[PDB]
Amino acid sequence: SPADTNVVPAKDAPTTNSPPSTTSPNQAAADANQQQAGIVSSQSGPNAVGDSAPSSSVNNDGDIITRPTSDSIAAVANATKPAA
Numbered sequence: 015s016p017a018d019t020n021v022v023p024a025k026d027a028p029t030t031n032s033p034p035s036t037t038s039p040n041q042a043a044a045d046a047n048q049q050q051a052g053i054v055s056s057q058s059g060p061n062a063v064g065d066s067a068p069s070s071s072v073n074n075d076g077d078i079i080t081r082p083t084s085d086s087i088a089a090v091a092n093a094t095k096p097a098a
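In the deposited numbering, the protein residues as written are 15 to 98.
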């Protein structure tokens, strides 16, 4: 029974479920993933307490991004263009 014999991490899996948050990026994501898996809260006790998941917002550096790393470089760049 194929399409089962071979299952690999989905496209961009690290941070798929990760919800667009500005409060606790990781916690918020370690939860979308939590409910996502279907694992009820009351079921996993101590575990689902202090935990993080890669977040779709957190970006590669600590900083809690609010838009693509690229469109952010684009902001700084644009805001600096003396009249040719």
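Ideal placement from N, C-alpha and C gives every residue a C-beta, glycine not left out.
Discussion item. Helix, strand or coil for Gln57? Go by DSSP, reduced to three states.
Written reply: As a first step, residue 57 is located in the sequence shown; it is residue number 43 there, counting from the start. Three-state DSSP puts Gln57 in coil, outside helix and strand.
Worksheet item: Do you know how far the Cα of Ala24 is from the Cα of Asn61?
Response: Within the sequence shown, residue 61 is the residue found at index 47, counting from 1. Within the sequence shown, residue 24 is the residue found at index 10, counting from 1. One C-alpha to the other measures close to 24 Å.
Item to complete: Compare the C-alpha of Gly76 against each of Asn40, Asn20, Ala93, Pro96 and name the closest.
Response: Along the sequence shown, read from residue 1 onward, the residue named residue 76 stands at position 62. Ranking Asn40, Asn20, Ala93, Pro96 by Cα distance to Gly76 puts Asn40 first.
Item to complete: Report the option in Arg81, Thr37, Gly59, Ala44 whose CA atom is closest to the CA atom of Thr29.
Response: On the sequence shown, position 15 is the one that residue 29 refers to. Out of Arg81, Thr37, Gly59, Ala44, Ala44 has the C-alpha closest to the C-alpha of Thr29.
Practice prompt. Pick helix, strand or coil for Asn47, following the three-state DSSP scheme.
Written response: For the purposes of this step, residue 47 is taken as residue 33 along the sequence shown, with counting starting at 1. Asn47: helix per DSSP, three-state reduction.
Discussion item. Just to confirm the assignment, what range does the alpha helix (DSSP H) spanning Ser84 have?
Written reply: Reading the sequence shown from its first residue, position 70 is the one you call residue 84. From DSSP, the alpha helix (DSSP H) with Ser84 extends over 83 to 92.
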